[PDB]
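Residue numbers (the authors' numbering): 1 to 174.
All C-beta atoms, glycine included, are put in the ideal place defined by N, C-alpha and C.
The structure under discussion appears below in the form of structure tokens.
The structure is reproduced here in structure tokens:
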């Protein structure tokens, strides 16, 4: 699947923030303190950010190699075969509820268009690209991203191997 290797390589290249070459506890802890310090956000968020980022690795990404980090080969080999099972969903969908409270830079429990744009700026992207994913995630039509919207759009990007508007949940395709 061409669509699967393009969208899952998008997520691997955008989530390896620490640059060691593998998705491990180092990327989540390095991303929490570097995300809190590099852009304009509510100062207090570093403890909230370190708690949801340590929870995403400890409770969900950790179950892939039973403790140790994950390379691009092991991520594509393990996740491409595990998605063919209709009930393995929660090991791949589980990071969306804890990532929602990590991107919430204003301290409200709803993410806006320029907040999602500062998240894109930290990965190394332009704010003009953020509307293509933001407007595709806003299911209820409020002009903000709620918890239900973020989990529906991420569930489609991570498990449905089709095209449509929710195929860009992480910016430009690698």
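Identity of the residues DSSP links to residue 70 by a beta bridge:
23
Check: Under a Cβ-count criterion, where at least 16 other Cβ atoms within 10 Å of its own Cβ denotes burial, should residue 83 be classed as buried or exposed?
Finding: buried
Worksheet item: Straight-line CA distance for residue 106 to residue 11?
Response: 24 angstroms
- request: Please determine, among 70, 104, 108 and 24, the residue with the shortest C-alpha to C-alpha distance to residue 115.
  value: 104
Would you check if there are 3 or more beta carbon pairs closer than 8 angstroms linking the stretch 128-137 to the stretch 159-168? yes
Review point. In angstroms, rounded to a whole number, what distance separates the CA positions of residue 153 and residue 143?
Key: 15 angstroms
* Asked: Cα-Cα, which of 102, 56 and 45 is closest to residue 91?
  -> 56
- prompt: Does the beta-carbon distance from residue 147 to residue 102 come in below 8 angstroms?
  reply: no
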